[PDB]
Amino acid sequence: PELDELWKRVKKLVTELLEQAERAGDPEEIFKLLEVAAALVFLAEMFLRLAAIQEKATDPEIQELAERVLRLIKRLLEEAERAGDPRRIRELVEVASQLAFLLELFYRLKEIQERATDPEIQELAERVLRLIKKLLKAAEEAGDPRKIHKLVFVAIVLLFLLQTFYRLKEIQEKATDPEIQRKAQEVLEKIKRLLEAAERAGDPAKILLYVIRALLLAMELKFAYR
């Protein structure tokens, strides 16, 4: 339903960009048009994640965020379809494709959740998704795509942090090297604290700073494990 009307819109915009790129132009102008059409096709590839997101086993908080993401994508595409400035279409499609990448991450979270057996890690997932919902609400009220970009970027990096939280628990559940276990526990304790700070931060740029600190910490452990 919603997919086949978002794909119709994506289809229309892609062919208009292909036609404009197939007409006369310099290389840099054709390539920038084609970068927009490519990002639009990536968008459609992200839409294919919804069937798995919208399936019955998926966590309902994930489903509601993905629906907010699709509405925002719809809004920016409509804005792109009536914009005429090429830099405006490029910026609007770019932010729509960042939003679309959240669907990939939401789908990755869905898969990682149905495999994880730790109930506390499930609960930490829910306070993160509640922060993402806050970020998405602010994006839904912004008129400036650059303001949307910022809030979505924090949401992307937050989702990646949740991914590294599942991964580090998996390492902790399975690593037999006792020093890997020692460092995993140390990193998880630090990341939990950094996530609580980001959840109390209010300022999106402070959220992003804490999240990046947590990701750098988790990455030190992931590189140590392999």
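Residue numbers run from 1 along the displayed sequence.
- Remark: stretch with higher mean C-alpha B factor among 57-65 and 24-32 is 24-32.
- Higher average CA B factor: 120-128, of the stretches 103-111 and 120-128.
- The PDB entry gives the largest Cα B-factor of the residues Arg71, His149, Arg87, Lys134 to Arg87.
- When all modelled residues of the chain are sorted by CA temperature factor, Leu217 is found within the lowest third.
- For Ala83, the recorded CA B-factor ranks within the highest third of the chain. Only modelled residues enter the ranking.
- In the PDB entry, a CA B factor belonging to the middle third of its chain's modelled residues is recorded for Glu173.
- The deposited CA B-factor of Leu48 belongs to the highest third of values across its chain.
- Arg200: CA B factor in the highest third of modelled residues in this chain (values from the PDB entry).
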